[PDB]
Amino acid sequence: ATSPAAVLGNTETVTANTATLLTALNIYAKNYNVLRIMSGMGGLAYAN
Amino acid sequence: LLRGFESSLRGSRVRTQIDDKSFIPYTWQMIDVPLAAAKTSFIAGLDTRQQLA
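Looking at the entry header, you'll see cryo-EM listed as the method and 3.8 Å as the resolution.

Per the PDB entry, the recorded name for chain B is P3, and the organism is Paramecium bursaria Chlorella virus 1. As deposited in the PDB, this entry carries the title "Near-atomic structure of five-fold averaged PBCV-1 capsid".

Within the PDB entry, the label attached to chain A reads Major capsid protein (MCP), and the organism entered is Paramecium bursaria Chlorella virus 1.

Next up, the structure:
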């Protein structure tokens, strides 16, 4: 990582040694649901 | 006037006069409306994964 000639002068399949610090994996999903509200009370339609 | 006066004699100072009474007519307010209730399938939800289709 300390030599920009090697970082800015390389190919698709490699990256820098400092990359081993990205130890946390974050997988997100954004979904649909239905919020049902009746008679002053509310709650979700689908639970799982 | 002198011997016909309403003193508090022991027995009239008995703790039941305060203890056997409730605080409820003093602490509750009138509410006058419906209480909440709903089914589980509404508040929780339908289990969508456990089904044939």
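Let's pick the thread back up.
J.: Just to check I follow, could you spell out the overall build of chain B for this structure?
T.: The secondary structure content of chain B amounts to three helices and zero strands. The order of helices and strands in chain B, counted from the N terminus, is α-α-α. In summary, chain B has a C-alpha radius of gyration of 29 Å against a globular reference of 10 Å for 53 residues, an excess of more than 25%. Across its three principal axes, chain B shows a C-alpha extent of roughly 95 × 20 × 10 Å. Across the 53 residues of chain B, 4% fall into the buried class. A gap of 9 Å separates the mean positions of the 7 positive and 5 negative side-chain charges of chain B.

J.: Can you walk me through the interface of chain A and chain B in this structure?
T.: Many descriptions give the size of an interface as the accessible area lost when the pieces come together. Between chain A and chain B, the contact holds 11 residues from the first and 12 residues from the second. Summing both partners gives a buried area of about 920 Å² for chain A against chain B, and 61% of it is carried by carbon and sulfur. By the criterion of area lost to chain B, the three top residues of chain A are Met41, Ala47 and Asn48 of chain A, representing 51% of everything that side buries. On the surface where chain A and chain B come into contact, there are zero salt bridges. Applying the counting criterion to the chain A and chain B interface returns four residue pairs in polar contact. For the side of chain A that touches chain B, the secondary structure elements donating two or more residues are β1 (35-38) and β2 (41-44) of chain A. Here the side of chain A that touches chain B gets four residues from one element, more than from any other, and that element is β2 of chain A. Residue classes in the side of chain A that touches chain B are distributed as seven nonpolar, three polar and one charged.

Calculation criteria
- Residues numbered from 1 in each chain as written, not as in the entry; some residues may be left out.
- Chains lettered and ligands numbered in written order.
- Part of a larger assembly, values for the part shown.
- Heavy atoms only, no water.
- Helix = DSSP H or I, 4+ residues; strand = E, 2+ residues; numbered from the N terminus.
- Rg over C-alpha atoms; globule rule 2.2 N^0.38 Å.
- Buried < 20%, exposed > 50% of the residue type's maximum accessible area, 1.4 Å probe, protein only.
- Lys, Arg positive; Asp, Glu negative; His and termini not counted.
- Charge placed at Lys NZ, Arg CZ, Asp CG, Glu CD.
- Contact = heavy atoms within 4.5 Å.
- Buried area = accessible area lost by both parts, 1.4 Å probe.
- Salt bridge = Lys/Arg side-chain N within 4 Å of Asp/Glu carboxyl O.
- Polar contact = N/O pair within 3.5 Å; in protein donor to acceptor, adjacent residues only side chain to side chain.
- Nonpolar A, V, L, I, M, F, W, Y, C, P; charged D, E, K, R; others polar.

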